[PDB]
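A.B. asks: Structure supplied as query_33.pdb; contents: PDB, C-alpha atoms (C1' of nucleotides).
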```pdb
ATOM      1  CA  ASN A   1       0.000   0.000   0.000  1.00  0.00           C
ATOM      2  CA  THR A   2       3.105   2.199   0.168  1.00  0.00           C
ATOM      3  CA  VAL A   3       4.703   3.872  -2.848  1.00  0.00           C
ATOM      4  CA  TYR A   4       8.292   5.045  -3.229  1.00  0.00           C
ATOM      5  CA  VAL A   5       9.018   8.697  -4.042  1.00  0.00           C
ATOM      6  CA  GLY A   6      12.365  10.035  -5.236  1.00  0.00           C
ATOM      7  CA  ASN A   7      14.232  13.034  -6.647  1.00  0.00           C
ATOM      8  CA  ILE A   8      13.036  15.245  -3.778  1.00  0.00           C
ATOM      9  CA  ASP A   9      14.493  18.632  -2.900  1.00  0.00           C
ATOM     10  CA  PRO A  10      16.000  18.470   0.621  1.00  0.00           C
ATOM     11  CA  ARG A  11      14.228  21.810   1.150  1.00  0.00           C
ATOM     12  CA  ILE A  12      10.872  20.016   0.803  1.00  0.00           C
ATOM     13  CA  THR A  13       8.930  19.573   4.040  1.00  0.00           C
ATOM     14  CA  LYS A  14       6.532  16.804   5.031  1.00  0.00           C
ATOM     15  CA  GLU A  15       3.763  19.420   5.012  1.00  0.00           C
ATOM     16  CA  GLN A  16       4.384  20.160   1.333  1.00  0.00           C
ATOM     17  CA  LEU A  17       4.493  16.467   0.423  1.00  0.00           C
ATOM     18  CA  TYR A  18       1.201  15.798   2.207  1.00  0.00           C
ATOM     19  CA  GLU A  19      -0.460  18.807   0.564  1.00  0.00           C
ATOM     20  CA  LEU A  20       0.773  17.547  -2.811  1.00  0.00           C
ATOM     21  CA  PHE A  21      -0.263  13.901  -2.600  1.00  0.00           C
ATOM     22  CA  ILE A  22      -3.615  14.404  -0.859  1.00  0.00           C
ATOM     23  CA  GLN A  23      -4.741  15.936  -4.146  1.00  0.00           C
ATOM     24  CA  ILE A  24      -4.337  12.479  -5.701  1.00  0.00           C
ATOM     25  CA  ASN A  25      -5.715  10.208  -2.959  1.00  0.00           C
ATOM     26  CA  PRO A  26      -6.117  10.011   0.824  1.00  0.00           C
ATOM     27  CA  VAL A  27      -2.693   9.377   2.353  1.00  0.00           C
ATOM     28  CA  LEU A  28      -2.592   7.256   5.502  1.00  0.00           C
ATOM     29  CA  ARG A  29       0.983   8.068   6.494  1.00  0.00           C
ATOM     30  CA  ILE A  30       4.148   9.632   5.123  1.00  0.00           C
ATOM     31  CA  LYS A  31       7.526   8.269   6.193  1.00  0.00           C
ATOM     32  CA  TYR A  32      10.002  10.851   4.893  1.00  0.00           C
ATOM     33  CA  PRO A  33      13.377   9.782   6.274  1.00  0.00           C
ATOM     34  CA  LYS A  34      15.716  12.400   7.698  1.00  0.00           C
ATOM     35  CA  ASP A  35      19.379  12.075   8.526  1.00  0.00           C
ATOM     36  CA  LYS A  36      19.402  12.735  12.261  1.00  0.00           C
ATOM     37  CA  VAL A  37      23.103  13.573  12.013  1.00  0.00           C
ATOM     38  CA  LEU A  38      22.629  16.590   9.730  1.00  0.00           C
ATOM     39  CA  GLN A  39      18.862  17.105  10.238  1.00  0.00           C
ATOM     40  CA  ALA A  40      18.801  16.947   6.434  1.00  0.00           C
ATOM     41  CA  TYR A  41      16.455  14.738   4.455  1.00  0.00           C
ATOM     42  CA  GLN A  42      17.837  12.305   1.890  1.00  0.00           C
ATOM     43  CA  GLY A  43      15.598  13.323  -1.018  1.00  0.00           C
ATOM     44  CA  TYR A  44      13.250  10.326  -1.015  1.00  0.00           C
ATOM     45  CA  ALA A  45      10.080   9.310   0.784  1.00  0.00           C
ATOM     46  CA  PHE A  46       7.605   6.495   1.333  1.00  0.00           C
ATOM     47  CA  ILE A  47       3.928   7.418   1.027  1.00  0.00           C
ATOM     48  CA  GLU A  48       1.530   4.831   2.437  1.00  0.00           C
ATOM     49  CA  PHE A  49      -2.052   5.115   1.213  1.00  0.00           C
ATOM     50  CA  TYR A  50      -5.033   3.246   2.639  1.00  0.00           C
ATOM     51  CA  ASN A  51      -5.448   0.628  -0.111  1.00  0.00           C
ATOM     52  CA  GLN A  52      -3.571  -0.695  -3.125  1.00  0.00           C
ATOM     53  CA  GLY A  53      -5.750   0.876  -5.817  1.00  0.00           C
ATOM     54  CA  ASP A  54      -5.002   4.400  -4.622  1.00  0.00           C
ATOM     55  CA  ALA A  55      -1.298   3.529  -4.645  1.00  0.00           C
ATOM     56  CA  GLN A  56      -1.369   2.270  -8.235  1.00  0.00           C
ATOM     57  CA  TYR A  57      -3.461   5.204  -9.471  1.00  0.00           C
ATOM     58  CA  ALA A  58      -1.096   7.648  -7.762  1.00  0.00           C
ATOM     59  CA  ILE A  59       1.874   5.915  -9.406  1.00  0.00           C
ATOM     60  CA  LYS A  60       0.207   6.306 -12.796  1.00  0.00           C
ATOM     61  CA  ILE A  61      -0.817   9.949 -12.411  1.00  0.00           C
ATOM     62  CA  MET A  62       2.081  11.503 -10.494  1.00  0.00           C
ATOM     63  CA  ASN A  63       5.103   9.908 -12.174  1.00  0.00           C
ATOM     64  CA  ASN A  64       7.200  12.549 -13.971  1.00  0.00           C
ATOM     65  CA  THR A  65       4.229  14.954 -13.912  1.00  0.00           C
ATOM     66  CA  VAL A  66       5.330  17.653 -11.446  1.00  0.00           C
ATOM     67  CA  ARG A  67       8.510  19.691 -10.950  1.00  0.00           C
ATOM     68  CA  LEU A  68       9.282  20.740  -7.372  1.00  0.00           C
ATOM     69  CA  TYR A  69      12.022  23.385  -7.501  1.00  0.00           C
ATOM     70  CA  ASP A  70      12.534  22.370 -11.164  1.00  0.00           C
ATOM     71  CA  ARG A  71      13.179  18.794  -9.972  1.00  0.00           C
ATOM     72  CA  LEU A  72      10.857  16.292 -11.640  1.00  0.00           C
ATOM     73  CA  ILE A  73       9.503  13.962  -8.962  1.00  0.00           C
ATOM     74  CA  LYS A  74       9.771  10.178  -9.277  1.00  0.00           C
ATOM     75  CA  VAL A  75       6.999   7.840  -8.108  1.00  0.00           C
ATOM     76  CA  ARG A  76       7.569   4.080  -8.177  1.00  0.00           C
ATOM     77  CA  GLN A  77       6.146   0.893  -6.691  1.00  0.00           C
ATOM     78  CA  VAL A  78       7.630  -1.419  -4.068  1.00  0.00           C
ATOM     79  CA  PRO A  79      14.575 -21.505  -1.138  1.00  0.00           C
ATOM     80  CA  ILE A  80      14.897 -24.025  -3.971  1.00  0.00           C
ATOM     81  CA  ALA A  81      16.692 -27.242  -4.869  1.00  0.00           C
ATOM     82  CA  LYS A  82      20.447 -26.936  -5.422  1.00  0.00           C
ATOM     83  CA  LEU A  83      22.940 -29.621  -6.459  1.00  0.00           C
ATOM     84  CA  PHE A  84      26.723 -29.586  -6.402  1.00  0.00           C
ATOM     85  CA  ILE A  85      28.327 -31.533  -9.258  1.00  0.00           C
ATOM     86  CA  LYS A  86      32.037 -32.361  -9.452  1.00  0.00           C
ATOM     87  CA  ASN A  87      34.417 -33.656 -12.143  1.00  0.00           C
ATOM     88  CA  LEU A  88      32.579 -32.117 -15.089  1.00  0.00           C
ATOM     89  CA  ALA A  89      34.051 -32.144 -18.584  1.00  0.00           C
ATOM     90  CA  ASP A  90      35.413 -28.932 -20.084  1.00  0.00           C
ATOM     91  CA  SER A  91      33.327 -29.722 -23.187  1.00  0.00           C
ATOM     92  CA  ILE A  92      30.076 -29.240 -21.237  1.00  0.00           C
ATOM     93  CA  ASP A  93      28.456 -25.863 -21.850  1.00  0.00           C
ATOM     94  CA  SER A  94      25.916 -24.497 -19.382  1.00  0.00           C
ATOM     95  CA  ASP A  95      23.259 -24.994 -22.068  1.00  0.00           C
ATOM     96  CA  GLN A  96      24.242 -28.656 -22.355  1.00  0.00           C
ATOM     97  CA  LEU A  97      23.819 -28.813 -18.581  1.00  0.00           C
ATOM     98  CA  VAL A  98      20.336 -27.342 -19.052  1.00  0.00           C
ATOM     99  CA  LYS A  99      19.423 -29.993 -21.632  1.00  0.00           C
ATOM    100  CA  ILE A 100      20.798 -32.704 -19.333  1.00  0.00           C
ATOM    101  CA  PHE A 101      18.911 -31.673 -16.191  1.00  0.00           C
ATOM    102  CA  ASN A 102      15.623 -30.580 -17.812  1.00  0.00           C
ATOM    103  CA  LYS A 103      14.464 -34.179 -18.259  1.00  0.00           C
ATOM    104  CA  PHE A 104      15.083 -34.736 -14.545  1.00  0.00           C
ATOM    105  CA  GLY A 105      13.559 -31.485 -13.293  1.00  0.00           C
ATOM    106  CA  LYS A 106      12.495 -28.001 -14.267  1.00  0.00           C
ATOM    107  CA  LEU A 107      15.265 -25.496 -13.572  1.00  0.00           C
ATOM    108  CA  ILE A 108      14.207 -22.446 -11.583  1.00  0.00           C
ATOM    109  CA  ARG A 109      17.516 -20.775 -12.525  1.00  0.00           C
ATOM    110  CA  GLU A 110      20.543 -21.593 -14.631  1.00  0.00           C
ATOM    111  CA  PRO A 111      23.456 -23.751 -13.440  1.00  0.00           C
ATOM    112  CA  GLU A 112      26.659 -22.107 -12.214  1.00  0.00           C
ATOM    113  CA  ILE A 113      30.009 -23.387 -13.511  1.00  0.00           C
ATOM    114  CA  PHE A 114      33.053 -22.743 -11.319  1.00  0.00           C
ATOM    115  CA  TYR A 115      36.578 -24.139 -11.040  1.00  0.00           C
ATOM    116  CA  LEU A 116      37.948 -25.530  -7.776  1.00  0.00           C
ATOM    117  CA  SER A 117      41.415 -26.794  -6.802  1.00  0.00           C
ATOM    118  CA  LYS A 118      41.143 -26.792 -12.549  1.00  0.00           C
ATOM    119  CA  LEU A 119      38.270 -28.925 -11.241  1.00  0.00           C
ATOM    120  CA  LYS A 120      35.076 -28.143 -13.149  1.00  0.00           C
ATOM    121  CA  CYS A 121      32.057 -28.077 -10.825  1.00  0.00           C
ATOM    122  CA  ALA A 122      28.565 -26.629 -10.996  1.00  0.00           C
ATOM    123  CA  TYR A 123      25.439 -25.771  -9.021  1.00  0.00           C
ATOM    124  CA  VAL A 124      22.108 -26.823 -10.540  1.00  0.00           C
ATOM    125  CA  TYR A 125      18.860 -25.262  -9.308  1.00  0.00           C
ATOM    126  CA  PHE A 126      15.766 -27.480  -9.430  1.00  0.00           C
ATOM    127  CA  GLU A 127      12.225 -26.452  -8.554  1.00  0.00           C
ATOM    128  CA  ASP A 128      11.672 -29.830  -6.853  1.00  0.00           C
ATOM    129  CA  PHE A 129      13.542 -31.960  -4.335  1.00  0.00           C
ATOM    130  CA  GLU A 130      12.084 -35.153  -5.819  1.00  0.00           C
ATOM    131  CA  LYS A 131      13.080 -34.241  -9.377  1.00  0.00           C
ATOM    132  CA  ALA A 132      16.538 -33.611  -7.927  1.00  0.00           C
ATOM    133  CA  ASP A 133      16.280 -37.057  -6.332  1.00  0.00           C
ATOM    134  CA  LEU A 134      15.758 -38.434  -9.842  1.00  0.00           C
ATOM    135  CA  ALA A 135      18.706 -36.419 -11.170  1.00  0.00           C
ATOM    136  CA  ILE A 136      20.957 -37.802  -8.424  1.00  0.00           C
ATOM    137  CA  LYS A 137      19.615 -41.346  -8.737  1.00  0.00           C
ATOM    138  CA  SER A 138      20.317 -41.539 -12.469  1.00  0.00           C
ATOM    139  CA  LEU A 139      23.251 -39.130 -12.872  1.00  0.00           C
ATOM    140  CA  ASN A 140      25.382 -39.852  -9.783  1.00  0.00           C
ATOM    141  CA  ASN A 141      28.845 -41.155 -10.708  1.00  0.00           C
ATOM    142  CA  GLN A 142      28.030 -41.319 -14.412  1.00  0.00           C
ATOM    143  CA  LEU A 143      30.260 -40.939 -17.465  1.00  0.00           C
ATOM    144  CA  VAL A 144      29.309 -38.070 -19.790  1.00  0.00           C
ATOM    145  CA  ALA A 145      31.577 -36.515 -22.433  1.00  0.00           C
ATOM    146  CA  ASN A 146      34.078 -39.274 -21.568  1.00  0.00           C
ATOM    147  CA  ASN A 147      34.319 -37.959 -17.993  1.00  0.00           C
ATOM    148  CA  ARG A 148      32.889 -39.411 -14.785  1.00  0.00           C
ATOM    149  CA  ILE A 149      30.700 -36.850 -13.000  1.00  0.00           C
ATOM    150  CA  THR A 150      29.509 -36.844  -9.391  1.00  0.00           C
ATOM    151  CA  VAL A 151      26.119 -35.390  -8.429  1.00  0.00           C
ATOM    152  CA  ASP A 152      25.255 -34.545  -4.821  1.00  0.00           C
ATOM    153  CA  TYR A 153      23.634 -31.776  -2.785  1.00  0.00           C
ATOM    154  CA  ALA A 154      25.337 -28.410  -2.387  1.00  0.00           C
ATOM    155  CA  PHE A 155      26.453 -27.485   1.109  1.00  0.00           C
ATOM    156  CA  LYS A 156      24.892 -24.584   2.993  1.00  0.00           C
ATOM    157  CA  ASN A 157      26.084 -29.623   6.104  1.00  0.00           C
ATOM    158  CA  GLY A 158      24.361 -29.935   2.750  1.00  0.00           C
ATOM    159  CA  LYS A 159      20.802 -29.582   1.537  1.00  0.00           C
ATOM    160  CA  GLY A 160      18.466 -32.557   1.719  1.00  0.00           C
ATOM    161  CA  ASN A 161      17.503 -32.602   5.402  1.00  0.00           C
ATOM    162  CA  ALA A 162      14.041 -33.613   6.600  1.00  0.00           C
ATOM    163  CA  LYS A 163      12.979 -30.037   7.348  1.00  0.00           C
ATOM    164  CA  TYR A 164      14.402 -29.230   3.911  1.00  0.00           C
ATOM    165  CA  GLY A 165      12.115 -31.770   2.256  1.00  0.00           C
ATOM    166  CA  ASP A 166       9.143 -30.483   4.241  1.00  0.00           C
ATOM    167  CA  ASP A 167       9.541 -26.757   3.617  1.00  0.00           C
ATOM    168  CA  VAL A 168      10.623 -27.227  -0.007  1.00  0.00           C
ATOM    169  CA  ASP A 169       7.537 -29.414  -0.425  1.00  0.00           C
ATOM    170  CA  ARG A 170       5.463 -26.533   0.957  1.00  0.00           C
ATOM    171  CA  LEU A 171       7.105 -23.815  -1.160  1.00  0.00           C
ATOM    172  CA  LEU A 172       6.292 -25.980  -4.177  1.00  0.00           C
ATOM    173  CA  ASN A 173       2.710 -26.499  -2.979  1.00  0.00           C
TER     174      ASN A 173
ATOM    175  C1'   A B   1      19.434   8.475 -13.516  1.00  0.00           C
ATOM    176  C1'   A B   2      17.845   5.123  -8.155  1.00  0.00           C
ATOM    177  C1'   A B   3      16.353   3.171  -2.395  1.00  0.00           C
ATOM    178  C1'   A B   4      18.789   3.739   3.481  1.00  0.00           C
ATOM    179  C1'   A B   5      11.826   1.023   5.320  1.00  0.00           C
ATOM    180  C1'   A B   6      13.736   4.719  10.520  1.00  0.00           C
ATOM    181  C1'   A B   7      17.528   2.653  16.757  1.00  0.00           C
ATOM    182  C1'   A B   8      22.072   2.775  18.994  1.00  0.00           C
ATOM    183  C1'   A B   9      25.206   3.506  23.887  1.00  0.00           C
ATOM    184  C1'   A B  10      28.467  -0.738  27.667  1.00  0.00           C
ATOM    185  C1'   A B  11      29.272  -3.104  32.000  1.00  0.00           C
ATOM    186  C1'   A B  12      32.317  -3.637  36.189  1.00  0.00           C
ATOM    187  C1'   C B  13      36.017  -1.667  39.478  1.00  0.00           C
ATOM    188  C1'   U B  14      38.450   2.121  41.529  1.00  0.00           C
ATOM    189  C1'   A B  15      39.426   6.678  42.801  1.00  0.00           C
ATOM    190  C1'   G B  16      38.779  11.660  41.543  1.00  0.00           C
ATOM    191  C1'   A B  17      35.074  16.593  39.373  1.00  0.00           C
ATOM    192  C1'   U B  18      30.417  19.098  40.170  1.00  0.00           C
ATOM    193  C1'   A B  19      25.273  20.116  40.426  1.00  0.00           C
ATOM    194  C1'   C B  20      20.924  18.819  43.303  1.00  0.00           C
ATOM    195  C1'   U B  21      16.526  16.957  46.309  1.00  0.00           C
ATOM    196  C1'   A B  22      13.517  16.321  50.982  1.00  0.00           C
ATOM    197  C1'   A B  23       8.900  24.042  53.905  1.00  0.00           C
ATOM    198  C1'   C B  24      14.640  17.878  56.200  1.00  0.00           C
ATOM    199  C1'   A B  25      17.315  19.940  60.871  1.00  0.00           C
ATOM    200  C1'   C B  26      19.695  24.370  63.503  1.00  0.00           C
ATOM    201  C1'   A B  27      18.843  27.664  70.308  1.00  0.00           C
ATOM    202  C1'   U B  28      15.688  26.693  72.652  1.00  0.00           C
ATOM    203  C1'   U B  29      14.942  22.853  76.182  1.00  0.00           C
ATOM    204  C1'   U B  30      13.401  22.606  82.972  1.00  0.00           C
ATOM    205  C1'   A B  31       7.209  22.829  88.059  1.00  0.00           C
ATOM    206  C1'   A B  32       3.757  16.701  89.153  1.00  0.00           C
ATOM    207  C1'   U B  33       6.460  12.244  88.559  1.00  0.00           C
ATOM    208  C1'   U B  34      11.614   6.680  87.461  1.00  0.00           C
ATOM    209  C1'   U B  35      19.627   6.237  86.126  1.00  0.00           C
ATOM    210  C1'   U B  36      18.068   8.207  91.765  1.00  0.00           C
ATOM    211  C1'   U B  37      21.252   2.012  92.249  1.00  0.00           C
ATOM    212  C1'   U B  38      24.331  -0.293  98.513  1.00  0.00           C
ATOM    213  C1'   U B  39      26.084  -4.681 102.425  1.00  0.00           C
ATOM    214  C1'   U B  40      17.720  -2.759 105.861  1.00  0.00           C
ATOM    215  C1'   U B  41      19.166   0.224 109.800  1.00  0.00           C
ATOM    216  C1'   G B  42      17.374   7.777 112.131  1.00  0.00           C
ATOM    217  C1'   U B  43      15.666   8.047 118.550  1.00  0.00           C
ATOM    218  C1'   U B  44       8.415   8.791 123.632  1.00  0.00           C
TER     219        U B  44
END
```
Please go through the file and, once you have read it, give me the structure as structure tokens.
C.D. replies:
Amino acid sequence: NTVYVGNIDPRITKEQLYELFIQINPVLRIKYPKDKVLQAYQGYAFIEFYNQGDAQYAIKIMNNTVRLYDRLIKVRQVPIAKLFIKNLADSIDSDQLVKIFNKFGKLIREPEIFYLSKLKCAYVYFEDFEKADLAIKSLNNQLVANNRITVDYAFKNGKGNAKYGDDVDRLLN
RNA sequence: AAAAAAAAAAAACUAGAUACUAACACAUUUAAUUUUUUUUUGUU
């Protein structure tokens, strides 16, 4: 219900802000942070309306509309499976990783290739712990691109606890 | 070009520095009456 405001003159006072934005919509509160060191505001604010619709409408109407001391005001709005894999082949592109792990599970993000020791390793993000269980079951200690690869859980000691299965199960559901 | 959604000082010990509170108390106090204490030993 709160909208961000920016490009504010430090000479602007909370009174002037309120008088401005009440024209658009009823404003529940205005948090307009000040530096208590210098007693000087930082040129931005947070304006909390009563509901969301007033916030969105205010964003639409008041963005880049008004110049306060020539300054044009800005108005704006404002946990997953992971697998460590070791001994990868240098011929394996991240896209080839994607094609490998898609059949096992849907990737929430892209894998991350990093070198340890020289030693090609990667992190693979799955949306499911069970799909990752399939990826480990089939892919663990398996020869691809003429190189034996090891698939396990990435450390945090690693993922795959019981609470991990429960809360990941919930985040999926 | 951007936004940073509002909390930090200590504590202890030992000494030293300085404000301050409480209509606090400060020259009256003595004519009924308990410190008045002795191995009793004051005689028509």
A.B. asks: May I have the residues within 12 Å of residue 1 in chain B as a PyMOL selection string, using only C-alpha atoms (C1' of nucleotides) and disregarding those fewer than 2 positions away in the same chain?
C.D. replies: chain A and resi 6-7+72+74
A.B. asks: Which one is closest to residue 103 in chain A: A:131, A:118, A:86, A:11? Count only C-alpha atoms.
C.D. replies: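 Of all the options, A:131 lies closest to residue 103 in chain A.
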A.B. asks: Can you sort out the box for range 88-106 of chain A, edges along x, y and z, all listed atoms in, 3 Å on every side, with centre and edge lengths in Å to one decimal, as JSON?
C.D. replies:
```
{"center_x": 24.0, "center_y": -29.6, "center_z": -18.2, "size_x": 28.9, "size_y": 16.2, "size_z": 15.9}
```
A.B. asks: Between CA of residue 3 in chain A and CA of residue 77 in chain A, measure the distance and give it in Å to one decimal.
C.D. replies: 5.1 Å
A.B. asks: Within 10 Å of range 6-25 of chain B, which residues of range 14-50 of chain A show up? Give each one with its shortest atom-to-atom distance in Å (one decimal) and the two atoms involved, counting all atoms listed in the file, rows by chain then rising residue number, as a Markdown table.
C.D. replies:
```
| residue | atom | partner | partner_atom | distance |
| --- | --- | --- | --- | --- |
| A:31 | CA | B:6 | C1' | 8.4 |
| A:32 | CA | B:6 | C1' | 9.1 |
| A:33 | CA | B:6 | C1' | 6.6 |
| A:34 | CA | B:6 | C1' | 8.4 |
| A:35 | CA | B:6 | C1' | 9.5 |
| A:36 | CA | B:6 | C1' | 10.0 |
```
A.B. asks: Kindly give the distance, in Å, that separates CA of residue 157 in chain A and CA of residue 82 in chain A, rounded to a single decimal.
C.D. replies: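 Interatomic distance here is 13.1 Å.
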A.B. asks: Run the PyMOL selection byres ((chain B) within 9 of (chain A)) on the file and write out the hits as number ranges by chain.
C.D. replies: B: 2-6
A.B. asks: I'd like the residues picked by the PyMOL selection byres ((chain A and resi 125) around 8) written out as an NGL selection string, using the chain letters and numbers from the file.
C.D. replies: :A and (80-83 or 107-111 or 123-124 or 126-127)
A.B. asks: Can you measure CA of residue 153 in chain A to CA of residue 84 in chain A for me? One decimal in Å is fine.
C.D. replies: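 Result for CA of residue 153 in chain A versus CA of residue 84 in chain A: 5.2 Å, one decimal.
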A.B. asks: Write out as an MDAnalysis selection string which residues come within 7 Å of residue 73 in chain A when counting all atoms listed in the file, dropping same-chain ones fewer than 3 positions away.
C.D. replies: chainID A and resid 6:8 63:64 66:68
A.B. asks: Take the PyMOL selection byres ((chain A and resi 135) around 10), run it mentally on this structure, and tell me the resulting residues as a count of residues only.
C.D. replies: 21
A.B. asks: Extract, using all atoms listed in the file, all DNA, RNA and protein residues at most 9 Å from residue 58 in chain A, discarding same-chain residues fewer than 5 positions from it, and format them as a compact mmCIF listing (two decimals) with C-alpha atoms, in the frame of the given file.
C.D. replies:
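Generated output (part_34.txt):
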```
# COMPACT_ATOMS: atom_id res chain seq x y z
CA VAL A 3 4.70 3.87 -2.85
CA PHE A 21 -0.26 13.90 -2.60
CA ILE A 24 -4.34 12.48 -5.70
CA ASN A 25 -5.72 10.21 -2.96
CA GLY A 53 -5.75 0.88 -5.82
CA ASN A 63 5.10 9.91 -12.17
CA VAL A 75 7.00 7.84 -8.11
```
A.B. asks: Pick out the closest residue to residue 147 in chain A from this set: A:2, A:160, A:26, A:88. Count all atoms listed in the file.
C.D. replies: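 Smallest distance to residue 147 in chain A is found for A:88.
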A.B. asks: For a quick check of understanding, using all atoms listed in the file, which of A:12, A:145, A:55, A:62 has the smallest distance to residue 40 in chain A?
C.D. replies: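 The shortest atom-to-atom distance to residue 40 in chain A comes from A:12.
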